[PDB]
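One protein chain, two forms: both are listed below as structure tokens, the first as structure 1 and the second as structure 2.
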Structure 1
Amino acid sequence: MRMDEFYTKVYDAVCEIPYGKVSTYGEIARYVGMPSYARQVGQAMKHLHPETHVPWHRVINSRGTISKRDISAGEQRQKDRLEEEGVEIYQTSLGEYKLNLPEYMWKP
């Protein structure tokens, strides 16, 4: 399998998500049959124009937190998205937006 097909598969998947629930970079590389490519899933999302109707925000690291993404402050748009999604979000000791991971994982 080449890239770009890859990219799409992902995108389609991240639309397969149910409003409210979420998944995980790894939990998606694993799925589109490309287990190891978790890190590329981040990038895939990193790309994306702001004009999209794709559910970027509702996706996280296996830690069940908003990944750092060092270069950004959309970490907030991601937050202010799901407290909008009804998903309850709790800020954390020395920073961090975390939340009950397994209330919201996704299943066929």
Structure 2
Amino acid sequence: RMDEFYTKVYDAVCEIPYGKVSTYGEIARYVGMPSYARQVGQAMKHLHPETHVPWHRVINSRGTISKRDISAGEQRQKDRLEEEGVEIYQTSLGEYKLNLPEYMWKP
């Protein structure tokens, strides 16, 4: 079932508007599969780095997008979010973060 589920997840992510963000949990509830948040996370993790899907708009519930060691992907996500007007700050732990309620997408 995952093959079709992944495409449903990507369709949902493609709907997050420019400058807004969402989370695995929100998307799962949005596509009518409230208990599949981890599956959503899996779908997102299996995406090709050059995909057209705007994966950078999906962040964890805590509003963070990295851990001090910022991977290439995390750097890409930060770069892309900032380009869409998202204000990103750095925590005392070295993680990049943003005010979730301020950018959270509302279907």
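For the two forms, the rigid core is made up of the largest set of C-alpha atoms that agree within 1.5 Å on superposition. Each residue is numbered by where it sits in the sequence of structure 1, with counting from 1.
- The form solved in complex with the DNA appears here as structure 1.
- Taking the rigid core as fixed, one finds a CA shift for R69 of 2 Å or more between structure 1 and structure 2.
- Superposing the two forms on their core, we find that the Cα atom of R39 is displaced by 0.9 Å between structure 1 and structure 2.
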